[PDB]
Structure formats: structure tokens, C-alpha cells
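First comes the structure, then the notes that go with it.
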Amino acid sequence: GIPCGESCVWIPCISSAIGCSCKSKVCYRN
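Read in the numbering used here, the sequence shown has 4 at position 24, and its numbers run on one by one without any break.
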């Protein structure tokens, strides 16, 4: 539920591997 800080506006988040999901061009985690 909390944004990981990384945005997937054009390119997917690199730190997504920690459990981040792309939402509204922003990667969130829990």
C-alpha cells in the first residue's frame, strides 16, 4: 500500500523485486 518511491511512468521500477507493484505509474509495496 505504501509507494516504494520508484515510479513506473515509462520504465518499471528496479527495486520492484523487494515486493513492489506498479500502480498508477508508481510502484507500491503493502
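Note that the Cβ used here is the ideal one computed from N, Cα and C, for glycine as well.
Exercise for review: Tell me, please, which residues DSSP counts as bridged to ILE(-18).
Suggested key: Paired residues: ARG9.
Check your understanding: DSSP three-state call for residue 70: helix, strand or coil?
Key -> This structure cannot speak to residue 70, because the chain is shown only from -19 to 10.
Point to revise | Cut-off 6 Å between Cβ atoms - residues of its own chain near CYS(-12), not counting five sequence neighbours on either side | key: Taking C-beta separations shorter than 6 Å and ignoring five residues to either side along the sequence, the partners of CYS(-12) in its chain run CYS2, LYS5, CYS7, following chain order.
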